[PDB]
Amino acid sequence: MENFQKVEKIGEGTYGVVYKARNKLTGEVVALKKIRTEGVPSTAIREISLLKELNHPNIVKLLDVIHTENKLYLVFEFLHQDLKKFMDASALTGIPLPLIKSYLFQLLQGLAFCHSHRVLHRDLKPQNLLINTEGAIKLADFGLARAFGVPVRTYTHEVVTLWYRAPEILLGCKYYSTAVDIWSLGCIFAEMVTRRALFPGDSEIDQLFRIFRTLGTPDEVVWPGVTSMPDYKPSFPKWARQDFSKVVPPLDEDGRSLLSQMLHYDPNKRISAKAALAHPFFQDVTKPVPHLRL
Ligand SMILES: CCC(C)(C)[C@@H]1CCc2n[nH]c(C(=O)NCc3ccc(S(N)(=O)=O)cc3)c2C1
């Protein structure tokens, strides 16, 4: 990439290295992800390429996709901070409820949009939620492993975070639905509120059991079909569901009601992004200006 002038290496994404770069003709600053090997993912590459038309205020724009000599470069709209960093910076005081609500509402608008266009994210986490000084928050890095793939390592020795993984994925479901994104966003909502990850598992089974210890071990009553899932084991311990007021104190009942709907075990009972937008929790939603230190 000579049309680009690397500013600095930002980090090492889930597929490759990420650089901050400047386009030497437009002068625009962007985030450039370099991915990687014989096979040339023709379908994977095409999948990604269609995301260029997925344009919405709460989705980080995918400016270009360039396949050239054993490498795939994704050029993205640049934002200066992510939610993981903002949450860490706000840990002592906590993010104000009006800002939590604004961010949740905006993320639901973005998901409602992608889901309406049959696009799933599949790996939502604070680190891929980008924020700016105007109070906006945007979804980035749509995995779409549906025709690309999602390994247990980014690309070179890097532990995959399972904290936001929906239970159906952990139980081996082969077909992900839009509900997996709602589950992840529910986990993120809880984390913004309590300032601690909801289910910080360090292995797939520890992740699954942390979910069961809090929400109760699922059964055919609350999740028809759960006992026939690929990785379901009759030997799973049977934990009682914890009182929900214990999980995200001191969130009010409007917030708790919405969270409970985003965390239903049955993907078919889990609330959609479009329906969540209409939840009473958003009756007084506004768009505060966060104080960001860049
Ligand atoms: C999520 C990774 C992906 C999918 C490649 C993102 C694709 C879209 C994107 N846009 N800007 C960035 C970006 O990286 N900015 C610089 C920056 C962001 C956060 C922080 S931080 N940890 O808040 O201090 C510091 C600098 C990315 C990365």
# chains A, B, ... in the order shown; residues from 1 in each chain; ligands from 1
$ residues_around --residues "residue 158 (chain A)" --least-positions-apart "4" --cutoff "9 Å" --atoms "only C-alpha atoms" --output "list in words"
residues 12, 14, 152, 153 and 154 of chain A
$ write_last_selection --atoms "N, CA and C atoms" --output "short mmCIF file (atom, residue, chain, number, x, y, z; two decimals), in the first residue's frame"
data_model
loop_
_atom_site.label_atom_id
_atom_site.label_comp_id
_atom_site.auth_asym_id
_atom_site.auth_seq_id
_atom_site.Cartn_x
_atom_site.Cartn_y
_atom_site.Cartn_z
N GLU A 12 -3.38 -5.67 16.70
CA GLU A 12 -3.50 -6.90 15.92
C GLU A 12 -4.91 -7.49 16.02
N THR A 14 -8.62 -9.44 14.82
CA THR A 14 -9.04 -10.84 14.82
C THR A 14 -8.69 -11.60 13.55
N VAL A 152 -10.17 -19.77 16.93
CA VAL A 152 -10.02 -19.58 18.37
C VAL A 152 -8.84 -18.64 18.66
N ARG A 153 -8.19 -18.20 17.58
CA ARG A 153 -7.05 -17.28 17.65
C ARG A 153 -7.23 -16.26 16.54
N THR A 154 -6.89 -15.00 16.80
CA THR A 154 -7.03 -13.96 15.79
C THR A 154 -6.37 -14.37 14.47
#
$ closest_atom_pairs --of "chain A" --to "ligand 1" --cutoff "9 Å" --atoms "only C-alpha atoms and all ligand atoms" --output "Markdown table"
| residue | atom | partner | partner_atom_place_in_ligand_line | distance |
| --- | --- | --- | --- | --- |
| A:10 | CA | ligand 1 | 14 (O) | 5.8 |
| A:11 | CA | ligand 1 | 14 (O) | 7.3 |
| A:12 | CA | ligand 1 | 5 (C) | 7.9 |
| A:13 | CA | ligand 1 | 5 (C) | 5.4 |
| A:14 | CA | ligand 1 | 2 (C) | 7.5 |
| A:15 | CA | ligand 1 | 5 (C) | 8.5 |
| A:16 | CA | ligand 1 | 5 (C) | 8.1 |
| A:17 | CA | ligand 1 | 5 (C) | 7.8 |
| A:18 | CA | ligand 1 | 5 (C) | 5.6 |
| A:19 | CA | ligand 1 | 14 (O) | 7.2 |
| A:20 | CA | ligand 1 | 16 (C) | 6.6 |
| A:30 | CA | ligand 1 | 11 (N) | 6.7 |
| A:31 | CA | ligand 1 | 11 (N) | 4.9 |
| A:32 | CA | ligand 1 | 5 (C) | 7.2 |
| A:33 | CA | ligand 1 | 5 (C) | 5.6 |
| A:34 | CA | ligand 1 | 5 (C) | 9.0 |
| A:60 | CA | ligand 1 | 8 (C) | 6.0 |
| A:61 | CA | ligand 1 | 8 (C) | 7.7 |
| A:62 | CA | ligand 1 | 8 (C) | 7.8 |
| A:74 | CA | ligand 1 | 5 (C) | 8.4 |
| A:75 | CA | ligand 1 | 8 (C) | 8.0 |
| A:76 | CA | ligand 1 | 8 (C) | 5.1 |
| A:77 | CA | ligand 1 | 10 (N) | 5.3 |
| A:78 | CA | ligand 1 | 11 (N) | 3.7 |
| A:79 | CA | ligand 1 | 11 (N) | 4.2 |
| A:80 | CA | ligand 1 | 17 (C) | 4.6 |
| A:81 | CA | ligand 1 | 23 (O) | 3.5 |
| A:82 | CA | ligand 1 | 23 (O) | 4.0 |
| A:83 | CA | ligand 1 | 23 (O) | 6.6 |
| A:84 | CA | ligand 1 | 23 (O) | 6.6 |
| A:85 | CA | ligand 1 | 23 (O) | 4.4 |
| A:86 | CA | ligand 1 | 23 (O) | 6.5 |
| A:125 | CA | ligand 1 | 1 (C) | 8.9 |
| A:126 | CA | ligand 1 | 1 (C) | 8.7 |
| A:127 | CA | ligand 1 | 1 (C) | 5.5 |
| A:128 | CA | ligand 1 | 1 (C) | 3.9 |
| A:129 | CA | ligand 1 | 1 (C) | 7.0 |
| A:130 | CA | ligand 1 | 18 (C) | 6.9 |
| A:131 | CA | ligand 1 | 23 (O) | 8.4 |
| A:139 | CA | ligand 1 | 8 (C) | 8.4 |
| A:140 | CA | ligand 1 | 4 (C) | 5.3 |
| A:141 | CA | ligand 1 | 4 (C) | 4.0 |
| A:142 | CA | ligand 1 | 4 (C) | 7.8 |
| A:294 | CA | ligand 1 | 24 (O) | 7.9 |
$ select_by_dssp --residues "region 62-169 of chain A" --states "strand (DSSP E)" --output "PyMOL selection string"
chain A and resi 62-68+71-77+81-82+129-131+137-139
$ residues_around --residues "region 109-123 of chain A" --least-positions-apart "2" --cutoff "8 Å" --atoms "only C-alpha atoms" --output "JSON, numbers by chain"
{"A": [54, 56, 57, 58, 59, 105, 106, 107, 125, 138, 139, 141, 142, 143, 144, 145, 164, 165, 176, 177, 178, 180, 181, 184, 272, 273, 274, 277]}
$ closest_residue --among "A:173, A:91, A:276, A:190" --to "residue 225 (chain A)" --atoms "only C-alpha atoms"
A:173
$ residues_around --residues "residue 93 (chain A)" --least-positions-apart "3" --cutoff "12 Å" --atoms "only C-alpha atoms" --output "number ranges by chain"
A: 86-90, 96-97, 192-195
$ write_last_selection --atoms "C-alpha atoms" --output "PDB file, in the first residue's frame"
ATOM      1  CA  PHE A  86     -14.010   4.147  27.510  1.00  0.00           C
ATOM      2  CA  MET A  87     -15.411   1.673  30.023  1.00  0.00           C
ATOM      3  CA  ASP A  88     -11.989   1.278  31.618  1.00  0.00           C
ATOM      4  CA  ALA A  89     -11.544   5.061  31.719  1.00  0.00           C
ATOM      5  CA  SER A  90     -14.975   5.413  33.347  1.00  0.00           C
ATOM      6  CA  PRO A  96     -23.815   8.016  33.250  1.00  0.00           C
ATOM      7  CA  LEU A  97     -27.120   6.186  32.690  1.00  0.00           C
ATOM      8  CA  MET A 192     -21.657  -0.774  31.097  1.00  0.00           C
ATOM      9  CA  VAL A 193     -24.071  -0.740  34.056  1.00  0.00           C
ATOM     10  CA  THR A 194     -22.115  -2.789  36.633  1.00  0.00           C
ATOM     11  CA  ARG A 195     -18.593  -1.969  35.415  1.00  0.00           C
TER      12      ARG A 195
END
$ atom_distance --atom1 "CA of residue 44 (chain A)" --atom2 "CA of residue 230 (chain A)"
25.4 Å
$ residues_around --residues "residue 209 (chain A)" --least-positions-apart "5" --cutoff "10 Å" --atoms "only C-alpha atoms" --output "PyMOL selection string"
chain A and resi 167+199+201+203-204+214-217+236-239
$ residues_around --residues "region 281-286 of chain A" --least-positions-apart "2" --cutoff "7 Å" --atoms "only C-alpha atoms" --output "PyMOL selection string"
chain A and resi 98+101-102+254-255+277+279+288
$ write_last_selection --atoms "C-alpha atoms" --output "PDB file, in the first residue's frame"
ATOM      1  CA  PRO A  98     -28.192   8.638  29.969  1.00  0.00           C
ATOM      2  CA  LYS A 101     -28.935   4.384  27.235  1.00  0.00           C
ATOM      3  CA  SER A 102     -27.872   6.456  24.220  1.00  0.00           C
ATOM      4  CA  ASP A 254     -37.165  -0.790  32.852  1.00  0.00           C
ATOM      5  CA  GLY A 255     -33.530  -1.645  32.207  1.00  0.00           C
ATOM      6  CA  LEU A 277     -35.972   0.002  20.273  1.00  0.00           C
ATOM      7  CA  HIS A 279     -39.019  -0.873  24.901  1.00  0.00           C
ATOM      8  CA  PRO A 288     -25.291  13.074  25.631  1.00  0.00           C
TER       9      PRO A 288
END
$ atom_distance --atom1 "CA of residue 156 (chain A)" --atom2 "CA of residue 35 (chain A)"
11.1 Å
$ residues_around --residues "residue 69 (chain A)" --least-positions-apart "5" --cutoff "12 Å" --atoms "only C-alpha atoms" --output "list in words"
residues 1, 34, 35, 36, 37, 38 and 40 of chain A
$ closest_residue --among "A:278, A:51, A:247, A:258" --to "residue 191 (chain A)" --atoms "only C-alpha atoms"
A:247
$ closest_residue --among "A:262, A:148, A:202, A:253" --to "residue 160 (chain A)" --atoms "only C-alpha atoms"
A:202
